[PDB]
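Encoded as structure tokens, the structure appears first; notes follow it.
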């Protein structure tokens, strides 16, 4: 009973922060939060495609960094290894073994938490994060 | 992005009535009503397996009748051709061409409406209707 | 009797809105509106290639969002999942099964309605939307 | 549960008009109007063979025109492309894809409407239209 | 982007005259005149099937003559070589090399002009000329 | 006796206009205007590669539109279907059948006329149009 | 309906001039001028064999030059590239692609114009130009 | 970008002299002098076919001699090894290695200079020298 | 016992300088400096992928240059051959033979030193240098 | 004894000019000027890769043009056919036959001269021209 869910993030300022805690704590996708997840005992997210779609001016400087965090144990970013540019948007595709997606998780367990943090100005705009998850569910409820 | 949904109906009295209006009007499966259906533009239900699982006494007489109604245009049963027995439960599997399931339907359109009506006593119990739908969705939202 | 039609949209401001209701309600392509469509009973649009060709400055911030809406039932955008950037233009190709293009439609029936809505400034310019439709028609009139 | 129905039209004057609205509005075939159609939920007409069998004098001038109209949306002819001659009768065979006969229609939905209009005299006679439909029905009622 | 267009001529008297100047001067097919032709720079008509469908009495004498004229340079018939009979209708199929249909023509250039002239009575009727053109267009506008 | 000719257009302002009337009216390539063309009776241009090479600032907004016009009959643009962006330059390759390049043309006949028209500011600069034509000539003079 | 026509030019003086404008302006071949050409709408000349048959003395100096001119646009010679000798006569065979003989021409259109001009004395004699054309005609009139 | 050029020499007297300095100093072929050569940086002439086409009387005595001179360093003939006869004309074909045609030459460099000198009378006429060069050019300008 | 290490450089100003002295002198990767390197006698770095990930405005001019220096013997850049652009970031992958990575190095020996030096402004920002090294170690300690 | 040489050009202003006269007159590569060239009698440059590596702001307008000039005979540009953009840098690879690199040149002979000329502002910066030559030398000295 696999299903894909596409959800977006709103008009983002350049120094934005946040976290996509996947599972029953996605406030940004209610069709997965209290939609398909209330009708099954256990799930796992097979893949996560996180996409930064930037409507930003070409004179805006900065870069929005992100980390995967496969076990939901951090609340800030704390690691600036890989990052998107605010002018030129990007995309990152996470497979199953990266995102704790090989074992079945209970429907009250968060799976993984992608976090971001930008360093741009507090007046520019880079509203983005089209996110496409592929989730599989097996035990109906 | 296909997905199966299993939902049940509660403790049924012998002279029960009702309707399973599939689509955005299933009050009996919220994980399909305002779950996966709010995250896609259009859907179609590929198959419907309606199962009558009877916990009824062997001295209870009656038979619960049902009809398919592939276009949601009737509110009562009005046709007693095929039916389940209250003592011996049954099962009926509907494929795609029977249930208006060959074309994509908008996510505010009801697809088909299975109706039932029993003729048993108002004191017996035959709580049943394990229903398993296979639905496909394509245009994310 | 297949035929391709290319039509454009005019000088677009950055916060533009609108809708391309395909069929007999395209005000932007009269050669399909009251041209080839008045000489046939029924049609279907096999494919739609919507292209955003941006003549915009590299210091203009914003992003024009769009949705497909395969059944003409919405008048505003209401979904910001996928979008073009105003600086870097884009292209999106819709096949037949996405755009209600598998069954023949009567020549007074609108088929699908692509909508857009931008979030840029009301002074910038991103004049765009070269649209190429492939339509098939069979029953002459 | 396929079945063929042959019905005729009466003694036709040379300037005759009319329409064969197929489905539950055929007044000219009651064995399909309130016969086999009241015992099934949904139908589709697989083929329509319309035949003009003319008993007309060889000195009568005129030609009876006809159109298919696969979606019941016109009440007059309005298109004189193809036509029968009043002296020499004819025949026209419509397959499934022409007559909106690929999807199942509800038993209160008209499917297609063949219309005719002649230009002969109001005193001649060309009584005709042996019509043979092949209809399939699946969901009993 | 090839397309076929079928258009007819109205109730014809026996001594009828006229001309089918193909291209942007067909007054008898607006779906080709200001329909598909306004959306392309250049075209060519691949084939022309001219058909005389006669609803005429068998006591009406006469014959409607026609000529091809592949370059639009004559306004009357002036050549009675080939002709249809008013009682027994006919058909003539013109390929590409006959009708100046090997090179691309601009969308303000008439291609060829089929002319007819009958010698029957001014009271009889032979309403006819179902014409089917196959046109190809390449450069969108 | 095939030969390729590369010629450029000068320092272009953002709202530029013009036309490349190919043949004996190219004022921008004298080596083809009164060079190789005075020594042959007839020619044809096999291909035309029009390239927009932009030295423009990334804060300059606008887009230079162009059309092919295979028969030299228009003096303004009048069609804004396809276009280059002033910031990001482009390229368009026209084959033989598009540009009236299948038949031999006399050396006093213009073949085709590519036109452009921009909508940028009258102070910016996008000096461009490296054009490469492939021409064949056969009858010496 | 192909046909060959052989026509000659009269007693030529050594400094002769002229032109063979092929089509409806050949004054030197009336069997092609107002013979076979009045009975067809369109023609094309498949080949032209121009032969210089010299009855000239071996002490006469000079050379008669000629050019092809595939589009009837020049009235004098203006090009002395290839030429016959007045003493030793010659022959030149022109195929279809040289003489504008690949497309059908209307019967009031001149096709090509071979011109000659000699430089001999005004008292010598070289009477010549046996010309053999192969012409094809298709649309009768 | 290879191309062939055919140019002739005018009415020649029997004791004629001259030189064909190939490259940018051909006064006898302007379509190569300031035609195709102004649009390329560098060239080389692949072959030279020099042909003596004599319209001379059979009682005129003499012989026009010629030399190749692959490096443009002589202004008179100075070598009478090979020669044409004034009565019987001739032809000489020079390949690439003879005429300094293996390396690319700049477009302001003369390549080779064929010279001639006749010994006939100053009253006879042998107007001739149909010359056909095959030139290749590579670097556009 | 191969292992990959990804480390980044902080918020970089446009005129930044520095050096990545690989081995026991990486102050920017302590998990390789006094992590895995204290537990082995000898190592070698198999590959180095240096990536410039720019969050810089599109109106910032400059270019950050870099050199490899396979033997740690220079402290400034002194060579501006290859370089990244501050607006458009880049990537450079160094294999084993380039970076002195074919022989085993002692764990107190620096291997190679990549240096950079930019020429941008002292107010812009291009924070970058995601560096991924692949190191192999063999002799435990 | 082939060898590659990489040399750069310094901090370039937007309206820069110059020339790379290859051979013993490269002032920008002394390791080829009075390095390897003083130890051999004759050389030839097999290939030249000229690369424009731009550290320029995205609001700087202009384009730096260049020409090849395979024989060192021009001192200014004089031809604006192909060019780089100042914002988006580029690359051009010249093979052996383009750059006079098929014959051996003496070590006091310049081979070819690439010239450039920009049209940008006199205050912007686009410091660039990483040039990589492949040279072969055979006769030691």
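Protein chains in written order, with our numbering: chain A, 1 to 141; chain B, 1001 to 1141; chain C, 2001 to 2141; chain D, 3001 to 3141; chain E, 4001 to 4141; chain F, 5001 to 5141; chain G, 6001 to 6141; chain H, 7001 to 7141; chain I, 8001 to 8141; chain J, 9001 to 9141.
Just so it is clear, CB atoms sit at the ideal spot from N, CA and C, and this is done for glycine as well.
Give the DSSP bridge partners of residue 6063/G, in chain order.
The partner list for residue 6063/G (beta bridge, DSSP) reads 6085/G.
Helix, strand or coil, according to DSSP, for residue 9091/J in the structure here?
DSSP places residue 9091/J in strand when its eight states are reduced to three.
Select from the region 2001–2029 of chain C all residues with a C-beta closer than 9 Å to any C-beta belonging to chain E, and list them in chain order.
Those would be 2001, 2002, 2003, 2004, 2005, 2006, 2007 and 2029, in chain order.
Would you kindly report the start and end of the unbroken alpha helix (DSSP H) that includes residue 5056/F?
From DSSP, residue 5056/F is part of no alpha helix (DSSP H); its letter is neither H nor E.
Cutting at 8 Å between CB atoms, please list the residues of its own chain near residue 7082/H, excluding the five before and the five after it.
Result list for residue 7082/H: 7065, 7066, 7067 and 7092, in chain order.
Taking beta-carbon pairs under 9 Å, can you tell me which members of the region 2077–2091 of chain C lie near chain A?
Answer set for the region 2077–2091 of chain C: 2079, 2080, 2081, 2082, 2083, 2084, 2085, 2086, 2087 and 2088.
Rounding to the nearest angstrom, what Cα-Cα distance links residue 4004/E and residue 2135/C in this structure?
Cα-Cα distance, rounded: 13 Å.
What is the rounded straight-line gap between the Cα of residue 6072/G and the Cα of residue 6028/G?
For residue 6072/G and residue 6028/G, the distance between alpha carbons rounds to 17 Å.
Determine the contact status of residue 7133/H and residue 7036/H, defining contact as a CB-CB distance below 8 Å.
The answer is no: Cβ separation not under 8 Å.
With a threshold of 8 Å between beta-carbons, can residue 4070/E be considered close to chain C, or not?
So, not an interface residue.
Should residue 2061/C and residue 57/A be called a contact, given that it needs their Cβ atoms to be closer than 8 Å?
Contact: yes.
So, does the CB of residue 3119/D fall closer than 8 Å to a CB anywhere in chain E?
At least one chain E Cβ lies under 8 Å of residue 3119/D.
Along the region 4027–4058 of chain E, where does the CB come closer than 9 Å to a CB of chain C? Name the residues.
Against chain C - using a Cβ distance shorter than 9 Å - the residues of the region 4027–4058 of chain E are 4029, 4030, 4031, 4032, 4033, 4034, 4035, 4036, 4037, 4038, 4039 and 4040.
Only counting the same chain, and skipping five residues up and downstream in sequence, which positions put a Cβ closer than 6 Å to that of residue 7019/H?
Cβ neighbours of residue 7019/H beyond the five flanking positions: 7113 and 7115.
Since residue 7140/H contacts residue 7039/H with CB under 8 Å, what's their CB separation in whole angstroms?
About 6 Å separates the two Cβ atoms, so the contact holds.
In chain order, what residues of the same chain have a beta carbon less than 6 Å from the beta carbon of residue 9006/J, not counting five sequence neighbours either side?
9132.
Under the DSSP definition of a beta bridge, which residues are partnered with residue 2097/C?
None; residue 2097/C has no bridge partner.
Which term fits residue 97/A, buried or exposed, when burial requires 16 or more other beta carbons within 10 angstroms of its beta carbon?
Residue 97/A should be labelled exposed.
Helix, strand or coil: which one does DSSP assign to residue 9117/J?
Correct three-state label for residue 9117/J: strand.
For the putative contact between residue 5014/F and residue 5121/F, defined by C-beta atoms under 8 Å, what is the C-beta separation to the nearest angstrom?
Yes, they are in contact, since the Cβ atoms of residue 5014/F and residue 5121/F sit about 5 Å apart, within 8 Å.
Residue 2022/C lies in the beta strand (DSSP E); which residues open and close that run?
No beta strand (DSSP E) contains residue 2022/C, which DSSP labels as neither H nor E.
Hey, quick one: how far does the alpha helix (DSSP H) through residue 9031/J stretch, first residue to last?
Element bounds for residue 9031/J: 9030–9033.
Given residue 3094/D, which residues of its chain have a CB within under 6 Å of its CB, disregarding the five upstream and five downstream residues?
Once the five neighbours on either side are set aside, the close Cβ partners of residue 3094/D are 3048.
Could you give the distance in angstroms between the alpha-carbon of residue 9026/J and the alpha-carbon of residue 9051/J?
Taking the straight line from one Cα to the other gives about 17 Å.
Comparing the C-beta of residue 127/A with each C-beta of chain C, is any distance below 8 Å?
At least one chain C Cβ lies under 8 Å of residue 127/A.
Please return the same chain residues whose Cβ sits closer than 8 Å to the Cβ of residue 7090/H, not counting the five positions on each side in sequence.
So the qualifying residues of the chain are 7051, 7052 and 7084.
Please identify, using Cβ separations under 8 Å, the residues of the region 9094–9120 of chain J that lie next to chain I, in order along the chain.
Residues: none.
Can you look up residue 7126/H in the DSSP assignment and give me helix, strand or coil?
Coil, per DSSP.
For residue 7069/H, which residues in the same chain have their Cβ closer than 8 Å to its Cβ, ignoring the five residues on either side in sequence?
Taken in chain order, the residues that qualify are 7112, 7113, 7114 and 7115.
Just to confirm my understanding: we take residue 4001/E, look at its own chain, exclude 5 residues before and 5 after, and list those with CB closer than 6 Å. What are they?
4137.
For the candidate residues 42/A, 77/A, 8/A and 63/A, whose alpha-carbon lies nearest to that of residue 108/A?
Among 42/A, 77/A, 8/A and 63/A, the Cα nearest to that of residue 108/A belongs to 42/A.
Should residue 9011/J and residue 5055/F be called a contact, given that it needs their Cβ atoms to be closer than 8 Å?
In this structure, residue 5055/F does not lie closer than 8 Å to residue 9011/J by Cβ.
Are residue 4110/E and residue 4046/E closer than 8 Å when you measure CB to CB?
Against a cut-off of 8 Å, the Cβ pair of residue 4046/E and residue 4110/E comes out as no contact.
Would you kindly report the start and end of the unbroken beta strand (DSSP E) that includes residue 3/A?
Its beta strand (DSSP E) spans residues 3–7.
With a threshold of 8 Å between beta carbons, is residue 4060/E in contact with chain D?
By this cut-off, residue 4060/E is an interface position.
Between residue 3080/D and residue 4016/E, which are expected to be in contact by the criterion C-beta below 8 Å, what is the C-beta distance as a whole number of angstroms?
No, residue 3080/D and residue 4016/E are not in contact; Cβ-Cβ is about 15 Å, not under 8 Å.
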